Amino acid sequence: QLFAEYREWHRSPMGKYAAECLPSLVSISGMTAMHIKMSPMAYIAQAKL
Amino acid sequence: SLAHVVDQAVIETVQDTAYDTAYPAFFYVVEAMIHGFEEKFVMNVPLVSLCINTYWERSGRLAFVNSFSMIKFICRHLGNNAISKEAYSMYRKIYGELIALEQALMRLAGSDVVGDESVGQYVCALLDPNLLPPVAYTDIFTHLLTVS
Amino acid sequence: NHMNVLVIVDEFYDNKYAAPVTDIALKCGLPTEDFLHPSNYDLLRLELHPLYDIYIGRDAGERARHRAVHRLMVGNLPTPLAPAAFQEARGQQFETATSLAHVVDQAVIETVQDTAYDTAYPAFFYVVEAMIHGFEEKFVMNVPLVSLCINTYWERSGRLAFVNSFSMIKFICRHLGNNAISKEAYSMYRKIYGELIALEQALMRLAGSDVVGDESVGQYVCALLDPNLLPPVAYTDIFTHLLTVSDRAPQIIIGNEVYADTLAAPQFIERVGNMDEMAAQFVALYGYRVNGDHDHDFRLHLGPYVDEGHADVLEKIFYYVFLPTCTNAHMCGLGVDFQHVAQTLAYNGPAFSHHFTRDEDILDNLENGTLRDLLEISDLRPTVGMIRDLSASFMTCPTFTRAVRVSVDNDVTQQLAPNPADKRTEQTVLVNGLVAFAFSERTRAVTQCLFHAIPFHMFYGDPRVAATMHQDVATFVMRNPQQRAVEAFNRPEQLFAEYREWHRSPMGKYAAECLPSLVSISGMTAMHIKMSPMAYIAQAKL
Amino acid sequence: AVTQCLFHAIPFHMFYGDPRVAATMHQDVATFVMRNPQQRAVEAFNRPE
Amino acid sequence: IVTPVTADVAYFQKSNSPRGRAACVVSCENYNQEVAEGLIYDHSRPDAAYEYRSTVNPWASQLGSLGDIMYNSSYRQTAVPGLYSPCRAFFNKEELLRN
Amino acid sequence: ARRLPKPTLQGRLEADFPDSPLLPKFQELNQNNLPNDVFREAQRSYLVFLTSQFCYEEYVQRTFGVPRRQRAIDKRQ
Amino acid sequence: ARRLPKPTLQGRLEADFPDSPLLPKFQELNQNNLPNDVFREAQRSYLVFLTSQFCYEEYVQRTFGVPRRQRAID
Amino acid sequence: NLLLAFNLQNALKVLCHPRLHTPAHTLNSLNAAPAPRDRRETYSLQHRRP
Amino acid sequence: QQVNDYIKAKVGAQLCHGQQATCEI
């Protein structure tokens, strides 16, 4: 009734990276590299930067 | 070029707050009573200042970090010497780090508009206003319904 | 037509649908490899000249010819053709050449950066700074009050007050060497003030012992020794001094009443000062202050031009390389209503009756007003005498703030444009205003009736500061989030022109994205250098 | 401002003829270096002959 | 010839043209001027060698560009001052289009 | 074409402190032409002007030579 | 469907603190149709509701007029 | 003998294209498979409304 | 449509040397 994983945004590998990483600055900066869509617009924005 | 205003030991203190088995549930009680209202916050300023002071003296940990809205409320109101100074600087480290992440995500794909709306809600997830916070206390749903 | 800046910024930002980005901002956004790609030919075809910034407007039936304004500095080069790391390396080469002494460390830069992102910065510091507004005599009315402010803000945080404005810096580093503050605050203040002298030494050794005429090449090499560049905030009548000492021709746009001469000075500038012709002028100036013609009254009133020993170069270096690098351009000039900040303090219970003695606390006597919550969020405890002498400066502070558009032609070597309209470089200068750091909603709910935002300059037009300062720009950046880069904010056209400005979007980008250090300040100083012939001469020297 | 009545600047020697401190003591040399910003160098400062 | 600072060293090691786009006007079609002006001056299409960019510098290869102004706008007549300009061989549009 | 709004500044404290000698010079104010609330704002502005004037007089009474020799010879003997 | 367990909250302090003026407002709920234990929990719920109302009006009568000019002049 | 750079911006002509962002041909290739997978999990496929 | 021609503008959507080799991804 709460968590349908194949309908949810954050699937299992993101939670694995959350539990698996050590808490520091590079972990947070790596976490915001994971909140990037695999959209064509994001591919344009990543070929830019 | 993100400027990490937050420090490594701030991450260690909030991690140690996550791991504390003696993290008191009275903080959860007063969080449940306020549930993210500013008028309820200005009702209970001395209580939460007592919470921050007692959790900064009985340990190095900082209280009320379980919720965004208490971080927002301490950064808003509790900067007038009612709590300890260094705990307030760590709270401002958290709040400024969220600002720095918002700045970095806007500098990812900015000055590039697809129409009425910028490309920002399509290049990441967290600038898409359709993605919502996990916890909610206010009517974000009709706001989403208008802006979608 | 009307010089009320508040209705300008309110009706520019009220429900603006499209937020048009300019060519300069789109140029400086992307990096060097995406620039020369054929996908950005619409920006590549408008870059032909390294010194001149070519654009094209709307076709009004005359073919819409290309106009080319000059990029007066090296800092306004397009950042894909001059990246920020190149400017850091050039600043380090310049630092090796002129051999400047860095008298500021990392820690004072980190301290002023900690003040910069302080959302808990008390607005009462801005209140007393509005009550001073750049007067030595006003600074010495209220020495124990500002001393109490500096001590309380230095014990309650690792942060120092009043570093938002030059006049406070100079007045504390001059006046408050009498241990009425902490020793660490005074050491930091004089570290700032000596860093300004060290940068003046670096610029005077960048091009010295050369005189091109009557005057030296110091105004022909850099933007910092050039007297045609002005400080952003103005508290004295530097426009009258500008009209004299400028060899070239300046014109001062004040609400469609432009004047370029000192013969028209007394019908434009009302010279106020030294408390004593005001001692007869009190009732008359108050009666002028209570008439509401000021939105269409075209007259200014300022203090007299003091003869500083460095010809306002310290203010220039301060507001142009120091503050936009340590703050990362996170400032915004605020417009202050001087009658309102007096109506807060003077029209108040213990501040009015003289039953209340001088040396006693006020906070249990303060009634439920705005200044009550202002001092509560400022956690500051004044006595009755210091706030009374604070209120004693109402009869000389101006009616409102204003904004002028100082125009000046570029140079004698940057005057080669065929179109005579593009031989000019205008610059907005916030007369009698105030520059702030950042706010919270707890502050902004108090000073909603007191201050108002101005997206004033490229360095002082941060949407992050205006968004917590103003409502219409807050819903504007909510409806358009991509405006949060400081190079891409759409500023009001009555107060900013991105093709006429000295500092365009690349210096705003370099200000925002640099990391706060001495190397970044040495690089930013190597941006305020002209692309003039004499500048190429003095650069081939060093 | 307090010592207009007690002291007066003497730019007499090479190491002791800095106009940076002379302008803070003598008002006239301040106008002199305001007219001439290139004269702030100690090596080319026009000392009294 | 003025260029920006991000001109890569990898260009300046190979026997190139001094401007950005290698104006291989021999490689265009015979007696055609529009496609040769497209190869030389139109920067919406990438050049002959480095298809991942348009030009190694924008201040020489563009039509209104700076080096184009200082070298091409002079035309090499006989009775001029007549100092030999080496970049007239590589900037003269009449000489580029002659190939 | 507009201003900033007015702060709270509640009540008429001139009736709450009727002992102050600012009320003789304030007392000549008139309301033949203005409405009630804008006259109250005029009263607020005039109280601000009069209080700042009295405070400036108290200030310049202190700055213009507070140390005296007559009080010195009194406190000597 | 299912609720949380109750906290202990022992005793009937309404019968132990008889001088509170909230009890003339408390005594109105009665026991016509409902049994004893649900009437006890309804009395607990109405007592915490009425006590919250009283300390709320106490808070607003504190924060509305905590400074006064009349005590300041006299 | 040049030294060309294949960055990510050169691959955008092929990568960010709607053929590379539809699953319909994969599902047609999977439903036409004679031997599908036999595990066929049903733990969290859909959310049932309470 | 707007995102469709925006992408088609940010990429080379709609030669002089050697009949260049056709790369693939």
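Residue numbers (PDB author numbering), protein chains in the order written: chain X, 988 to 1036; chain P, 593 to 740; chain A, 495 to 1036; chain R, 939 to 987; chain Y, 1185 to 1283; chain Z, 2 to 78; chain H, 2 to 75; chain S, 445 to 494; chain D, 1136 to 1149, 1174 to 1184. Beta carbons are placed, not taken as given, at the ideal position from N, Cα and C, and that holds for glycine.
Only residues of its own chain outside the window of five on either side were considered, and among them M497 and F792 have a CB closer than 6 Å to the CB of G749/A, listed in chain order.
Nearest Cα to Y841/A within the set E809/A, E802/A and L865/A: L865/A. Under a criterion of Cβ atoms nearer than 8 Å, no residue of chain P is adjacent to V1146/D; the nearest Cβ is some 14 Å distant. Under the three-state reduction of DSSP output, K1024/A falls in the strand class. At the C-beta level, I644/P and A679/P come within 8 Å of one another. Beta-bridge analysis with DSSP links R899/A to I747/A and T922/A. Residues of chain A with a Cβ closer than 8 Å to the Cβ of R70/H are, in chain order, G843 and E861. Contact annotation, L719/A with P975/R: C-beta distance approximately 6 Å; criterion of less than 8 Å satisfied.
Taken through DSSP and simplified to helix, strand or coil, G1002/A comes out as helix. In terms of Cα proximity to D855/A, the closest of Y611/A, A624/A, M567/A and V878/A is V878/A. Counting only the Cα atoms, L697/A lies some 12 Å from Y714/A.
Taking 8 Å as the upper bound for CB-CB distance, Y753/A and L796/A are not in contact here, some 15 Å apart. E987/R and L700/A have their C-alpha atoms spaced approximately 28 Å apart. For the region 1003-1018 of chain X, the set of residues with a beta-carbon nearer than 9 Å to any beta-carbon of chain A is empty.
Taking every protein chain shown into account, the CB of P638/P has fewer than 16 other CB atoms within 10 angstroms, so this residue is exposed. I1184/D does not reach chain X, its nearest Cβ partner there being about 12 Å away, counting only Cβ pairs nearer than 7 Å.
CA-to-CA, the gap between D528/A and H1176/D works out to about 23 Å. A direct Cα-to-Cα measurement between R742/A and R918/A gives close to 11 Å. The alpha carbon of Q1179/D has as its nearest neighbour, out of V1210/Y, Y1234/Y, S1257/Y and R1205/Y, the alpha carbon of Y1234/Y. Here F618/A has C643, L868, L869, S872 and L874 as same chain residues with Cβ atoms under 8 Å from its own Cβ, once five neighbours each way along the sequence are excluded.
Counting other Cβ atoms within 10 Å of its Cβ, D801/A stays below 16 and is therefore classed as exposed. When the alpha-carbon of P525/A is set against those of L566/A, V503/A and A579/A, the nearest one is in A579/A.
Contact annotation: in the region 504-536 of chain A, residues whose CB is within less than 9 Å of a CB in chain S are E527, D528, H531 and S533. The C-beta distance from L489/S to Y1030/X rounds to 29 Å, too long to fall under 8 Å, and the pair is not in contact. Contacts between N451/S and chain X, judged by CB atoms closer than 8 Å, involve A1034 in chain order. Closer than 8 Å to the CB of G1248/Y there is at least one CB belonging to chain A. Bounds of the beta strand (DSSP E) holding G829/A are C826 to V830.
From the listed residues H735/A, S999/A and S1016/A, the smallest Cα separation to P798/A is found for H735/A. The distance from the Cβ of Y57/Z to that of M889/A is about 7 Å, consistent with a contact at the 8 Å cut-off. For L670/A, there is no enclosing beta strand (DSSP E), since its DSSP letter is neither H nor E. At a C-beta separation below 7 Å, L456/S has these neighbours in chain X: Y1030, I1031 and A1034. Using a Cβ-Cβ distance cut-off of 8 Å, the region 594-612 of chain A and the region 1218-1228 of chain Y are not in contact, since fewer than three pairs of beta carbons, one from each stretch, lie closer than that value. Under the Cβ criterion of 8 Å, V706/P is counted among the residues facing chain D. Here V67/Z is exposed: its Cβ has fewer than 16 other Cβ atoms, across all protein chains shown, within 10 Å.
By the rule that beta-carbons nearer than 8 Å mark a contact, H491/S touches chain X. Counting along the chain, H564/A sits inside the beta strand (DSSP E) bounded by residues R561 to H564.
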